[PDB]
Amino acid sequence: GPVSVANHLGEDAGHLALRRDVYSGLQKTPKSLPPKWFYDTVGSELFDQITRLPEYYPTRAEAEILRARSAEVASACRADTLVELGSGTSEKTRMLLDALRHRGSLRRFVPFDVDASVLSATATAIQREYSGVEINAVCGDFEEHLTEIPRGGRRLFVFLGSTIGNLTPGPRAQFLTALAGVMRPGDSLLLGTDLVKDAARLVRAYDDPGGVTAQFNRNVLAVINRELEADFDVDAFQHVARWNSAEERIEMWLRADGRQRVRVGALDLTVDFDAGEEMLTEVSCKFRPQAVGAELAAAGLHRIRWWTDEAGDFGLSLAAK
C-alpha cells in the first residue's frame, strides 16, 4: 500500500524547542527539564535496554495484556485504522495491526511522532510487512498537530507504555481534551497506564542496579552539552529515583555532587547548582483504576474496557468517543 509522510515540523523546530526548555527550566526553582530530550540516539538505545531489564516491569506487563486482549480490542473498537501516538516501532504495534488485519479491517496506519526519520523507517517496514495497508505518517507534536491526523474511517488511537504519565495532571487533562476533540464518534482510544503499587518496586524500576536508567537520565546532560555547547560535568551528577508519595508519581532527579557552574554556550546563560542540589528531569505518574476512567470521562471519552496484567501491575483502557 502507499506510504505518505506529512511533515509539519520546521527543520530546527527541535533545536529551538530545546533552547526554550533549557533556558526556562534551568532558571526555575527547582531546576527542571522536560523528558522529551532523553531520546537522542544514545538515550533511545538506552531506553531500549531499560525495557528489557527485569526491574522495568511496565514494558512486559503491557505486552502481556496486549498478547491476550488485542483481539478483543480489534473486535470491540471495530477500527479500520490504527493511529499511534508513538514512533510505530514496538512489537506491540504489530500485535494491534495483526488483530485488525486478522479481523480483516486493517486499511490504514497512522504513526504520529516528532522524528520524521523514525516515521520514515517505520512506514517502510510496515509497508513491507503489511501489504494492502495505507501508511500515513504524521510528523508533528501533541501540542499543535493532532488536527493534522488524517480523517475517514473508524480510528483506534493508541497511546501505550504509560507515556501519558510523563504529563502532570494539568497538561494531562488538557492533552486528553485535545485528543477527544480530534476524535470522531465511534473512534476509540487505547491508553496504557502504570498502576500505583509498592514504592520499593517503583523506585527499583527507575534505578536498576546496573544503572542503565542512571545512564539514560545522565544522558540529558550530554545532549544539552552537545547541542547547546554547555559544560555539565556529567559525572558529577548522580541519578536519583524518588517516589513522591503525595503526588503518587515516580520522579527522576539528577543530584549535583558538590557545587557546579554550568555555562550553557548557545544561550549566554550560567546557572548555579548548590552542592547536593537536585534537578527534576522526568515525572512518571502512577494511576488508580477509577481515576483513569474519570480522567477519560473528564476529557469526554467513555471507557468501555479496563484490563490489567496478572499481577495488577499495569492497566490498559479502551475508551470510545
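Residue indices: 1-based, along the sequence shown.
J.: Averaging C-alpha B-factors over each stretch, which comes out higher, 70-78 or 236-244?
T.: Of 236-244 and 70-78, the stretch with the higher C-alpha B-factor average is 236-244.
J.: Determine, for stretches 142-150 and 200-208, which one has the higher mean CA B-factor as deposited.
T.: According to the PDB entry, the answer is 142-150.
J.: Which one of 33, 294, 275, 285 shows the biggest C-alpha B-factor in the PDB entry?
T.: When the deposited C-alpha B-factors of 33, 294, 275, 285 are compared, 275 is largest.
J.: Quiz for you: based on the deposited Cα B-factor, which of 173, 164, 230, 123 is highest?
T.: In the PDB entry, the greatest C-alpha B-factor among 173, 164, 230, 123 is found at 230.
J.: Which third of the chain does residue 220 land in by C-alpha B-factor: lowest, middle or highest?
T.: According to the entry, residue 220 has a C-alpha B-factor in the chain's middle third.
J.: Looking at the temperature factor on the CA atom of residue 310, which third of the chain's modelled residues does it land in?
T.: CA B-factor rank for residue 310: middle third.
J.: Please rank the C-alpha B-factors of the chain's modelled residues and tell me whether residue 251 sits in the lowest, middle or highest third.
T.: CA B-factor rank for residue 251: middle third.
J.: Would you please rank residue 58 by its C-alpha temperature factor against the other modelled residues of its chain and give the third it falls in: lowest, middle or highest?
T.: Middle third of the chain for residue 58's C-alpha B-factor.
J.: Would you mind ranking residue 118 by its C-alpha B-factor against the rest of the chain and naming the third, lowest, middle or highest?
T.: Within its chain, residue 118 is a highest-third residue by C-alpha B-factor, going by the deposited values.
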